[PDB]
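J.: Quick one: this structure, given as structure tokens, is what I'll be asking you about.
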Amino acid sequence: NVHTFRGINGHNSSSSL
């Protein structure tokens, strides 16, 4: 979920093509 789980590491590699 958006409110509880942030996602620092997940966005740093998935959003980087």
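If you're wondering about the labels, chains in the structure tokens are A, B, ... by order shown, residues count from 1 in each chain, ligands from 1 in order shown.
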Please run DSSP on the backbone and report, as a VMD selection string, all residues within chain A that come out as alpha helix (DSSP H).
T.: chain A and resid 8 to 14
J.: Those same residues, written as a compact mmCIF listing (two decimals), in the first residue's frame with N, CA, C and O atoms?
T.:
# COMPACT_ATOMS: atom_id res chain seq x y z
N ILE A 8 11.68 3.13 -1.43
CA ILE A 8 12.89 3.91 -1.79
C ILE A 8 13.72 3.12 -2.84
O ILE A 8 13.95 3.61 -3.96
N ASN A 9 14.15 1.90 -2.46
CA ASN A 9 14.91 0.96 -3.31
C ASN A 9 14.16 0.48 -4.58
O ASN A 9 14.75 0.46 -5.67
N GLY A 10 12.88 0.08 -4.43
CA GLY A 10 12.01 -0.35 -5.55
C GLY A 10 11.91 0.66 -6.72
O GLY A 10 12.11 0.28 -7.87
N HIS A 11 11.62 1.94 -6.40
CA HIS A 11 11.55 3.04 -7.38
C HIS A 11 12.95 3.39 -7.99
O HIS A 11 13.01 3.73 -9.18
N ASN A 12 14.04 3.32 -7.20
CA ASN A 12 15.42 3.58 -7.68
C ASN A 12 15.92 2.64 -8.83
O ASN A 12 16.76 3.08 -9.62
N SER A 13 15.41 1.39 -8.93
CA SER A 13 15.75 0.42 -9.99
C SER A 13 14.62 0.18 -11.02
O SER A 13 14.94 0.10 -12.21
N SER A 14 13.33 0.04 -10.62
CA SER A 14 12.22 -0.15 -11.58
C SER A 14 11.95 1.09 -12.46
O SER A 14 11.83 0.95 -13.68
